[PDB]
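Colleague: Here it is: the structure, laid out below.
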Amino acid sequence: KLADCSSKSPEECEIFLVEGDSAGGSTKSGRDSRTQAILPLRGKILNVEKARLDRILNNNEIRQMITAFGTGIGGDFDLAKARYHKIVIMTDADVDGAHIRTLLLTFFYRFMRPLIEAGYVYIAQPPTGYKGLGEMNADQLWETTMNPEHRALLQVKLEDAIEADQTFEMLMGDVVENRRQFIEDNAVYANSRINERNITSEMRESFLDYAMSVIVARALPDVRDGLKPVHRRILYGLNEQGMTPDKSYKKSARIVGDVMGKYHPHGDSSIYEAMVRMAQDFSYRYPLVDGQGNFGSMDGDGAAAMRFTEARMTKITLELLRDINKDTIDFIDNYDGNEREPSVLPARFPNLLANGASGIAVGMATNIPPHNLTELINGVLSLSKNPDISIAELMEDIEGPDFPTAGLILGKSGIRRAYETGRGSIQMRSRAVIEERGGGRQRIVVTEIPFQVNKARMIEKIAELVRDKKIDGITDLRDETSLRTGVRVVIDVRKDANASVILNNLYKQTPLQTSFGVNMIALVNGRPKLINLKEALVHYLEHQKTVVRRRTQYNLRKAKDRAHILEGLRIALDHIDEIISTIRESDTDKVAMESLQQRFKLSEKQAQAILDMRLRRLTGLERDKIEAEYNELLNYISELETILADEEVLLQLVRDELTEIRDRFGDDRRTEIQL
Amino acid sequence: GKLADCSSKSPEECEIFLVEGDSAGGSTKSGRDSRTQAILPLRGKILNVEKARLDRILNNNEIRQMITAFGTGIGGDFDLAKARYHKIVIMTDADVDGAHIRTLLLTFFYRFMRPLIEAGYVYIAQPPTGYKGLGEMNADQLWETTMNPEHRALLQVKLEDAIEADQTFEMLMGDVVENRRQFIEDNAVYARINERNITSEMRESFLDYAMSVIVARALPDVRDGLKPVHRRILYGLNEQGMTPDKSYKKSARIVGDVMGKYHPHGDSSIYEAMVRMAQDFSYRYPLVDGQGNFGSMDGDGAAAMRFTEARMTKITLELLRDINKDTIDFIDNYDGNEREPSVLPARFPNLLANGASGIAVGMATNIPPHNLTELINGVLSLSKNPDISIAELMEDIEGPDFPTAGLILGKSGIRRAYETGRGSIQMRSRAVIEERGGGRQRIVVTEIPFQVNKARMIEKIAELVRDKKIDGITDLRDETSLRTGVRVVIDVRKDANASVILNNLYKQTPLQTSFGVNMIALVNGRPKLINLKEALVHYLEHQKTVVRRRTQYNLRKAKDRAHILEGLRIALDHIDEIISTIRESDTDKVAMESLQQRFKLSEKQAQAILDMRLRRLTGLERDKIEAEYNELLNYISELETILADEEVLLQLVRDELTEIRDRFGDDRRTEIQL
DNA sequence: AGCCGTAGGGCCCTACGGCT
DNA sequence: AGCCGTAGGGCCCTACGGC
Ligand SMILES: COc1ccc2ncc(F)c([C@@H](O)C[C@H]3OC[C@H](NCc4ccc5c(c4)OCCO5)CO3)c2c1
Ligand SMILES: [Cl-]
Ligand SMILES: [Cl-]
Ligand SMILES: [Cl-]
Ligand SMILES: [Mn+2]
Ligand SMILES: [Mn+2]
């Protein structure tokens with residue numbers, strides 16, 4: 001893949017490292033083929049600080065870099081055997097390019113340190129605003145990044161070797177705590193020309209950029225709507241295109257393309273997979289996407305290519321987006337500044353706990369189980385009537401997690417500790433039974449598997465335990481699952497063998513029993529925070545108060561404006577002859593504006609609304625419609641002002657709407673909790 | 001492997017379904033009955049055994065997986081008793097490509113498992129139409145409509161005449177194209193366990209796929225010179241107004257919009273089509289303006305469509321000009337939820353301007369690009385003399401003009417190609433011999449032939465030098481750059497004749513390449529081999545029809561607006577009685593009737609009055625109405641004049657074509673040496 | 001050959017944290 | 001010692017005709 005240069009004089013040669021062929025194209029097209037070589041990599045490279053040496057020396061990209069440099073590694077390193085005197089790191093100008101840069105620097109530092117000490121490692125500075133170099137034209141990339149007469153390179157300098165070792169081991173090592181602490185200490189949450197660059201400063205700044213971006217803008221959900229940026233951008237994308245349940249499905253290809261061009265500047269696989277997960281009833285306790293086609297199965301089967309499937313909203317997603325266009329939530333600019341996206345959805349039901357979450361960030365992660373919507377809402381209502389409610393009282397309503405795959409939970413200890421601190425292991429067990437099958441023989445029937453368990457992989461594991469004789473008593477192992485019966489895994493037992501013992505062994509040796517490690521970390525005020533049940537419900541309730549409040553304010557301003565216009569039009573109808581006369585005798589529409597305003601004490605917008613009136617509106621029924629709309633509008637205004645007068649009426653309104661959602665979408669519990 | 005076998009092991013009641021891929025294997029595996037129904041997902045088009053040799057067949061993954069799944073062997077080692085299933089159900093997608101796949105599968109079974117067909121073990125599923133594939137259906141639907149034995153409708157393949165079957169498979173699937181082309185020409189019609197004869201299935205399915213590829217994939221239309229994918233792309237860029245004046249648009253949005261609206265096929269085909277249309281070394285007149293990495297002459301593909309952007313070129317507007325003026329017939333799309341153009345107005349001769357290249361079924365096409373100035377000059381000459389000959393046209397259209405410049409040797413091949421539609425044209429690189437210091441010389445190549453991969457050519461030369469198949473070359477370099485352009489340097493050994501080396505390179509490398517002109521195009525939706533004059537004729541007739549329908553559209557529009565303006569002049573002449581008439585009316589319908597009866601107004605006129613905004617009652621508005629009405633009368637007169645005499649119509653076509661020439665015409669790039 | 005260009009179809013490397 | 005789920009990145013079979 002290396003696109004070497006013509007010259008073979010390392011003193012004037014230089015190799016550029018890019019993320020892939022999408023960038024290698026523009027780079028190869030704009031380069032100077034006499035003294036500039038190009039090595040396209042394949043995305044994220046291996047982290048040598050965590051992987052073992054055998055895996056490093058067998059990695060394709062690593063070996064290709066060693067070959068390209070021809071200097072060796074470790075003790076066999078020879079600076080004189082360098083085929084280039086400048087190794088230019090030129091990743092994409094994004095957070096992932098920063099991560100890649102930190103990985104590359106780690107490799108060079110752990111296996112080619114003299115290359116850094118000699119000042120052979122440089123950093124290219126492509127302009128910002130591009131998702132990658134593949135989006136830039138060749139001439140632009142040449143003039144702004146590669147042309148020696150205009151480029152601005154940073155030469156990597158190694159000052160303190162001890163602080164460098166500590167930095168690389170801290171940020172890239174396998175000890176998470178040091179990294180989390182670094183983030184906590186340095187994270188700044190938002191509410192020709194060859195400069196030298198200290199490798200420590202570059203590692204800390206780049207890795208901090210990637211880490212922050214992953215924490216606040218990728219892996220972790222927001223406590224208010226319980227959504228990550230990709231899911232939020234997906235659903236909003238389905239909203240701006242009117243992909244409502246009443247209207248037909250929409251082509252998944254169009255959805256992913258629109259979302260990717262407008263809001264989510266990342267690969268299609270991430271978006272489409274996210275939507276697929278949101279459409280699967282075995283993954284989402286309350287699915288947010290209605291899918292047409294093959295959206296996978298419990299056996300790990302992925303979804304069909306997006307070019308075959310379609311999707312629209314679910315009825316409850318409408319409740320996630322309800323009132324989003326009434327100044328309830330703050331919009332923000334997108335990545336390219338050509339669109340507006342919601343920073344959060346109204347989330348008229350507690351989504352975070354309803355569907356749960358699970359994300360692997362940097363220096364931390366999150367794992368929240370789903371719950372029953374009825375129980376959640378009942379808990380919110382109890383909290384609204386008692387700010388001092390305790391966790392146990394909440395648990396009178398919220399018995400515990402409620403997984404879409406049903407199943408069993410052993411004991412409330414793990415639940416209790418998880419709701420009281422935000423961390424706790426919960427023992428999930430399949431629903432299995434023992435029954436006869438004729439001739440004094442027995443079998444074990446599994447009808448419900450644990451949450452996030454691959455059924456086919458489980459059955460495969462059992463087949464292994466049977467083959468290796470690591471479990472005795474099993475004679476046959478079938479999977480009679482079907483749509484007309486549901487999950488049904490049959491495990492024949494050998495005659496005269498105790499099936500309960502075999503079952504306990506299966507619980508001990510297979511995913512038939514799995515633990516869920518609750519670790520409820522979520523974004524609060526745009527900051528990662530470990531929260532308990534009460535805090536989550538509280539932040540959600542506050543979000544609801546703010547939502548309904550801002551909605552009432554919006555509807556009030558709108559209603560008042562419409563009331564003013566309707567007043568202008570009612571005046572016009574009371575003096576239609578005077579109006580017509582005023583207009584006809586005016587040469588221009590501006591003169592008509594001024595004359596109407598001055599003669600009828602009308603505002604600019606009222607005279608404008610009169611000038612825009614169609615003659616058909618002078619028919620009787622149209623006048624009646626205007627009057628009626630005005631009176632009803634006065635009543636509506638009075639009701640709104642009533643809501644904004646007393647906070648108890650507002651809060652009770654939140655209670656009423658939450659109760660409506662509960663009565664409409666609430667369902668029975670699926671997962672049984674045994675004492 | 002990918003096989004998802006069933007629980008039972010009794011072949012008499014077992015049955016295996018063959019699907020095109022995993023997107024369908026998902027729905028099939030979710031909706032099946034896992035006790036007696038197995039599933040084998042393939043990987044798209046399988047190998048055509050009628051054409052491939054045994055070594056290639058026995059190393060194909062899908063073939064071997066099918067043999068394994070059946071467990072019967074192949075050839076003479078076939079044993080029906082070892083069959084793991086008694087029903088091999090072919091269930092490809094309900095489309096033309098699924099029909100092609102079906103013919104391939106049937107071919108394999110017939111040449112390697114004939115007793116399986118004789119015993120009636122091969123069946124064909126009949127999934128409902130309207131889905132791009134089974135991956136678009138839900139599992140319950142697929143089960144109830146196709147797999148459920150209590151309602152499905154299978155076709156059992158029966159082999160009656162073995163001789164006619166052999167001749168059929170050798171004819172449709174064999175490696176002799178002429179027989180296949182003849183079959184298409186003779187049978188192509190261009191616009192519950194039933195038994196099914198394998199011959200009828202092969203002929204019908206293969207004819208379906210063949211027709212679809214000929215008229216709806218590989219071959220262009222003579223009028224706009226576009227294939228369905230390019231037309232649907234450009235139209236897609238037009239429905240969102242992604243014009244050159246506006247900023248670029250994300251390629252992902254373009255491909256998604258086109259694929260959901262018009263082109264129900266893979267994203268790779270669409271995106272590659274747009275990329276080619278954006279490449280200045282591929283299109284003599286690029287129709288797409290690309291932002292990002294859209295490839296190079298060294299075969300380097302374009303960046304993923306998540307990085308690149310694209311909009312129209314200024315000349316594409318001339319392809320779309322007057323589209324909304326009833327110039328071209330619109331049609332329904334594949335799902336019946338959209339309208340697409342069957343052809344673009346094509347205000348300049350695109351087919352010959354950018355050329356074409358397509359591999360269909362039973363035939364193919366290869367048309368070189370040309371110079372727009374010369375083409376237009378030829379069209380104008382033709383409009384003044386229907387009896388013009390090929391040589392006269394060649395007085396204007398000297399020959400092909402490739403975007404890569406280059407050289408063409410002699411007009412013999414050109415002349416034969418323009419006269420008959422078929423002809424070889426010798427393209428030669430632009431090479432020179434120059435000194436490089438110390439009595440040594442080099443060969444500098446600055447222009448390569450059309451559709452030649454520069455890096456691959458250089459590799460070929462390196463091979464000839466390494467293999468000692470050519471003497472005199474000492475070094476080889478590619479000094480190409482944006483500041484210089486194509487520049488391949490070939491050092492010559494001192495005291496060696498460089499002209500001989502250059503001639504040898506022309507004889508032994510792509511430095512000289514042949515272009516096999518084979519101008520086949522769709523005329524009235526039928527493939528036809530055409531010459532230069534015929535192409536120019538069909539195009540000119542398309543222009544005449546376009547401008548005619550445009551003039552008619554503008555005439556009807558102008559007359560309608562004049563009628564409305566008459567109504568409005570009446571309304572303003574009696575504004576008081578109008579207002580009173582409306583006020584006394586309860587409903588808008590009553591007002592309509594009263595106005596019509598009291599002022600001799602039509603429905604649309606009274607409607608236009610009722611929809612009039614009060615701002616239109618200012619004094620100056622009446623004057624504006626009068627002026628617009630008079631100018632409209634003059635305009636009507638001009639239009640009717642144009643539609644009265646065909647000579648002024650043709651002269652208008654000449655005027656617009658001349659304007660296009662003056663705006664977009666450019667100099668010739670390829671030199672033609674005698 | 002093996003390439004041209006529209007079509008069918010699909011799988012494998014990496015980072016990151018926590019639990020097993 | 002391997003999975004969960006958002007992210008970075010990419011390559012290889014096939015049909016079809018003509019030279
Ligand atoms: C599929 O299995 C493999 C196996 C091996 C592969 N080797 C290299 C390799 F690059 C790949 C993949 O990139 C090939 C391909 O590109 C990316 C994906 N495009 C799908 C798509 C469709 C429609 C769209 C869209 C994206 O974006 C927005 C608008 O509409 C799918 O996969 C490989 C893939
Ligand atoms: Cl934290
Ligand atoms: Cl209106
Ligand atoms: Cl079409
Ligand atoms: Mn990138
Ligand atoms: Mn298909």
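Simple scheme: letters A, B, ... for chains in structure tokens order, numbers from 1 for residues in each chain, numbers from 1 for ligands in the order shown.
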Within 10 Å of ligand 4, which residues show up when you count only C-alpha atoms (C1' of nucleotides) and all ligand atoms? List them as a PDB file with C-alpha atoms, in the first residue's frame, please.
Modeller:
ATOM      1  CA  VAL B 215     -33.258  -1.399 -21.959  1.00  0.00           C
ATOM      2  CA  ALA B 216     -32.866  -0.528 -18.265  1.00  0.00           C
ATOM      3  CA  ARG B 217     -29.198  -0.776 -17.246  1.00  0.00           C
ATOM      4  CA  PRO B 220     -27.897   4.513 -23.264  1.00  0.00           C
ATOM      5  CA  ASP B 221     -30.772   6.293 -24.959  1.00  0.00           C
ATOM      6  CA  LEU B 226     -27.676   8.562 -20.523  1.00  0.00           C
ATOM      7  CA  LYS B 227     -28.222   5.256 -18.800  1.00  0.00           C
ATOM      8  CA  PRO B 228     -31.004   4.952 -16.204  1.00  0.00           C
ATOM      9  CA  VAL B 229     -28.580   5.359 -13.287  1.00  0.00           C
ATOM     10  CA  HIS B 230     -27.009   8.553 -14.628  1.00  0.00           C
ATOM     11  CA  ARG B 231     -30.391  10.028 -15.555  1.00  0.00           C
ATOM     12  CA  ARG B 232     -31.835   9.166 -12.135  1.00  0.00           C
ATOM     13  CA  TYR B 262     -35.535   6.178  -8.308  1.00  0.00           C
ATOM     14  CA  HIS B 263     -32.713   3.586  -8.331  1.00  0.00           C
ATOM     15  CA  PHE B 330     -42.662  11.392 -17.004  1.00  0.00           C
ATOM     16  CA  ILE B 331     -43.323   7.903 -15.651  1.00  0.00           C
ATOM     17  CA  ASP B 332     -43.944   6.139 -12.363  1.00  0.00           C
ATOM     18  CA  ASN B 333     -40.996   4.866 -10.336  1.00  0.00           C
ATOM     19  CA  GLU B 340     -39.209  10.186 -12.770  1.00  0.00           C
ATOM     20  CA  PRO B 341     -38.215  11.449 -16.225  1.00  0.00           C
ATOM     21  CA  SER B 342     -38.043   8.805 -18.935  1.00  0.00           C
ATOM     22  CA  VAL B 343     -35.543  11.021 -20.795  1.00  0.00           C
ATOM     23  CA  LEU B 344     -33.935  14.423 -20.345  1.00  0.00           C
ATOM     24  CA  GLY B 525     -36.514   1.626 -26.426  1.00  0.00           C
TER      25      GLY B 525
END
Colleague: For chain D, work out the contacting residues on chain A at 6 Å, counting only C-alpha atoms (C1' of nucleotides), and write them as a ChimeraX atom specification.
Modeller: /A:42-44
Colleague: Residues of chain A were defined as contacting chain B if any atom lay at most 7 Å from it, counting only C-alpha atoms; please report them as a ChimeraX atom specification.
Modeller: /A:21-22,25-26,30,32-33,131-132,134-137,251,253-254,257-258,261,267,292-294,296,301,303-305,307-309,480,482-483,583-589,611-616,618-621
Colleague: Hey, can you spit out that residue selection with N, CA and C atoms as a compact mmCIF listing (two decimals), in the first residue's frame?
Modeller:
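File produced: part-v7.txt:
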# COMPACT_ATOMS: atom_id res chain seq x y z
N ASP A 21 -7.34 4.98 2.66
CA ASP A 21 -7.26 5.29 1.24
C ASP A 21 -8.07 6.53 0.88
N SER A 22 -9.15 6.81 1.60
CA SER A 22 -9.92 8.02 1.32
C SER A 22 -9.03 9.26 1.41
N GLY A 25 -5.81 8.99 -1.32
CA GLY A 25 -6.08 9.43 -2.67
C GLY A 25 -5.70 10.88 -2.87
N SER A 26 -6.28 11.77 -2.07
CA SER A 26 -5.95 13.19 -2.15
C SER A 26 -4.48 13.43 -1.89
N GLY A 30 -1.96 15.14 -4.60
CA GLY A 30 -1.44 16.47 -4.37
C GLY A 30 0.01 16.51 -3.97
N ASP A 32 4.23 15.70 -3.76
CA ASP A 32 5.36 15.83 -4.67
C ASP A 32 6.00 14.45 -4.76
N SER A 33 5.74 13.74 -5.86
CA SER A 33 6.13 12.34 -5.98
C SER A 33 7.64 12.12 -6.01
N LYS A 131 -14.27 16.56 7.56
CA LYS A 131 -14.37 15.27 8.23
C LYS A 131 -13.10 14.45 8.04
N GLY A 132 -12.42 14.62 6.90
CA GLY A 132 -11.17 13.94 6.64
C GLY A 132 -10.50 14.56 5.44
N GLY A 134 -9.90 13.10 2.73
CA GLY A 134 -10.63 12.69 1.54
C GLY A 134 -11.70 13.67 1.11
N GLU A 135 -12.05 14.63 1.97
CA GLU A 135 -13.00 15.68 1.62
C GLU A 135 -12.33 16.90 1.01
N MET A 136 -11.02 17.04 1.17
CA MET A 136 -10.29 18.16 0.60
C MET A 136 -9.86 17.84 -0.82
N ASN A 137 -9.70 18.89 -1.62
CA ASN A 137 -9.14 18.74 -2.95
C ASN A 137 -7.62 18.64 -2.87
N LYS A 251 -37.24 4.66 3.58
CA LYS A 251 -36.09 3.85 3.21
C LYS A 251 -34.96 4.12 4.19
N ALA A 253 -31.91 3.70 3.87
CA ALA A 253 -30.80 4.37 3.19
C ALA A 253 -30.96 5.88 3.24
N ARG A 254 -32.17 6.37 2.94
CA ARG A 254 -32.42 7.81 3.01
C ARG A 254 -32.24 8.33 4.43
N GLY A 257 -28.50 8.43 5.25
CA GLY A 257 -27.85 9.45 4.44
C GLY A 257 -28.18 10.86 4.90
N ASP A 258 -29.46 11.11 5.20
CA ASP A 258 -29.88 12.42 5.68
C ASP A 258 -29.25 12.73 7.04
N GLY A 261 -25.43 13.34 6.58
CA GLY A 261 -25.11 14.63 5.98
C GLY A 261 -25.47 15.81 6.85
N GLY A 267 -19.41 7.25 10.28
CA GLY A 267 -19.68 6.17 9.35
C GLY A 267 -21.13 5.72 9.40
N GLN A 292 -39.31 -2.22 9.00
CA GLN A 292 -39.89 -3.06 7.96
C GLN A 292 -38.73 -3.83 7.33
N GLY A 293 -38.73 -5.15 7.51
CA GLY A 293 -37.69 -5.99 6.97
C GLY A 293 -36.99 -6.83 8.01
N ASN A 294 -35.75 -7.24 7.72
CA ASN A 294 -34.97 -8.10 8.60
C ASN A 294 -34.08 -7.24 9.48
N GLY A 296 -32.59 -8.42 12.37
CA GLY A 296 -31.79 -9.27 13.23
C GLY A 296 -32.62 -10.21 14.08
N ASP A 301 -27.61 -12.74 14.54
CA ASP A 301 -27.85 -12.38 13.15
C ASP A 301 -28.02 -10.88 13.02
N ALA A 303 -28.68 -7.20 11.04
CA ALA A 303 -29.79 -6.76 10.21
C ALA A 303 -29.40 -6.82 8.73
N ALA A 304 -30.42 -6.92 7.89
CA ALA A 304 -30.20 -6.84 6.46
C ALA A 304 -29.56 -5.50 6.11
N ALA A 305 -28.85 -5.47 4.98
CA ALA A 305 -28.28 -4.23 4.49
C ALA A 305 -29.36 -3.15 4.44
N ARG A 307 -30.11 -1.09 2.37
CA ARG A 307 -30.77 -0.89 1.09
C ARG A 307 -32.04 -1.72 0.95
N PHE A 308 -32.29 -2.65 1.86
CA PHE A 308 -33.50 -3.47 1.83
C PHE A 308 -34.53 -3.07 2.87
N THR A 309 -34.10 -2.54 4.01
CA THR A 309 -35.01 -2.30 5.13
C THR A 309 -35.56 -0.88 5.08
N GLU A 480 -36.01 -25.47 19.37
CA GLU A 480 -37.32 -25.48 18.73
C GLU A 480 -37.96 -24.10 18.67
N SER A 482 -39.43 -20.60 17.49
CA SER A 482 -40.18 -20.19 16.30
C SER A 482 -41.03 -18.98 16.66
N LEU A 483 -41.53 -18.31 15.62
CA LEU A 483 -42.37 -17.14 15.84
C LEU A 483 -43.72 -17.52 16.44
N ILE A 583 -57.11 51.72 0.59
CA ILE A 583 -56.18 51.00 -0.27
C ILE A 583 -56.23 51.54 -1.70
N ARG A 584 -57.43 51.63 -2.27
CA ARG A 584 -57.56 52.01 -3.68
C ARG A 584 -56.90 53.35 -3.97
N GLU A 585 -57.06 54.32 -3.07
CA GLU A 585 -56.52 55.65 -3.30
C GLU A 585 -55.02 55.74 -3.05
N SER A 586 -54.39 54.65 -2.60
CA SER A 586 -52.96 54.63 -2.36
C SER A 586 -52.26 54.07 -3.58
N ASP A 587 -51.18 54.74 -4.01
CA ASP A 587 -50.48 54.30 -5.21
C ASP A 587 -49.72 53.01 -4.97
N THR A 588 -48.94 52.96 -3.89
CA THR A 588 -48.11 51.81 -3.57
C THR A 588 -48.65 51.09 -2.34
N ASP A 589 -48.14 49.88 -2.12
CA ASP A 589 -48.53 49.10 -0.95
C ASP A 589 -47.93 49.69 0.33
N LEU A 611 -53.50 43.74 4.33
CA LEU A 611 -53.11 43.78 2.92
C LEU A 611 -53.01 42.39 2.31
N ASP A 612 -52.77 41.36 3.12
CA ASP A 612 -52.64 40.00 2.62
C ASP A 612 -53.94 39.22 2.69
N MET A 613 -55.07 39.90 2.89
CA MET A 613 -56.35 39.23 3.04
C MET A 613 -56.95 38.96 1.66
N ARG A 614 -57.41 37.73 1.45
CA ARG A 614 -58.05 37.36 0.20
C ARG A 614 -59.53 37.72 0.26
N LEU A 615 -60.08 38.12 -0.88
CA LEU A 615 -61.47 38.57 -0.91
C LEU A 615 -62.42 37.48 -0.43
N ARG A 616 -62.07 36.21 -0.63
CA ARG A 616 -62.94 35.13 -0.18
C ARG A 616 -63.20 35.19 1.31
N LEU A 618 -64.20 37.61 2.95
CA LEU A 618 -65.32 38.50 3.26
C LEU A 618 -66.67 37.79 3.20
N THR A 619 -66.71 36.55 2.73
CA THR A 619 -67.93 35.76 2.79
C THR A 619 -68.32 35.53 4.25
N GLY A 620 -69.61 35.30 4.48
CA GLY A 620 -70.11 35.18 5.83
C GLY A 620 -69.37 34.17 6.68
N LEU A 621 -69.29 32.92 6.21
CA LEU A 621 -68.69 31.88 7.04
C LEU A 621 -67.25 32.20 7.40
Colleague: Could you list the residues in chain C lying within 6 Å of chain A, using only C-alpha atoms (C1' of nucleotides), and format the result as a PDB file with N, CA and C atoms (P, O5', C5', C4', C3', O3' and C1' of nucleotides), in the first residue's frame?
Modeller:
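Printed below is out-v1.pdb as written:
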ATOM      1  P    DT C  14      -6.875  -6.736  16.262  1.00  0.00           P
ATOM      2  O5'  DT C  14      -7.112  -5.172  16.429  1.00  0.00           O
ATOM      3  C5'  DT C  14      -6.100  -4.262  16.057  1.00  0.00           C
ATOM      4  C4'  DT C  14      -6.598  -2.836  16.170  1.00  0.00           C
ATOM      5  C3'  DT C  14      -7.178  -2.451  17.514  1.00  0.00           C
ATOM      6  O3'  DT C  14      -6.178  -2.130  18.437  1.00  0.00           O
ATOM      7  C1'  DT C  14      -8.531  -1.598  15.758  1.00  0.00           C
ATOM      8  P    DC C  16      -7.216   3.146  23.912  1.00  0.00           P
ATOM      9  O5'  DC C  16      -8.507   2.976  24.832  1.00  0.00           O
ATOM     10  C5'  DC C  16      -9.530   3.942  24.791  1.00  0.00           C
ATOM     11  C4'  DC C  16     -10.829   3.372  25.308  1.00  0.00           C
ATOM     12  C3'  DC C  16     -10.716   2.520  26.563  1.00  0.00           C
ATOM     13  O3'  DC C  16     -10.806   3.330  27.731  1.00  0.00           O
ATOM     14  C1'  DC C  16     -12.395   1.755  24.991  1.00  0.00           C
ATOM     15  P    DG C  17     -10.342   2.751  29.156  1.00  0.00           P
ATOM     16  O5'  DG C  17     -11.655   2.032  29.715  1.00  0.00           O
ATOM     17  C5'  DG C  17     -12.823   2.782  29.872  1.00  0.00           C
ATOM     18  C4'  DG C  17     -13.856   2.062  30.725  1.00  0.00           C
ATOM     19  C3'  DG C  17     -13.330   1.409  31.987  1.00  0.00           C
ATOM     20  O3'  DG C  17     -14.343   1.463  32.983  1.00  0.00           O
ATOM     21  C1'  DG C  17     -14.138  -0.276  30.533  1.00  0.00           C
TER      22       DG C  17
END
Colleague: Counting only C-alpha atoms (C1' of nucleotides), which residues of chain B come no farther than 9 Å from chain D, as a list in words?
Modeller: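 Result, ordered by chain then number: residues 43, 44, 45, 46, 47, 48, 60, 61, 100, 177, 358, 359, 360, 361, 362, 363, 364, 365, 514, 515 and 516 of chain B.
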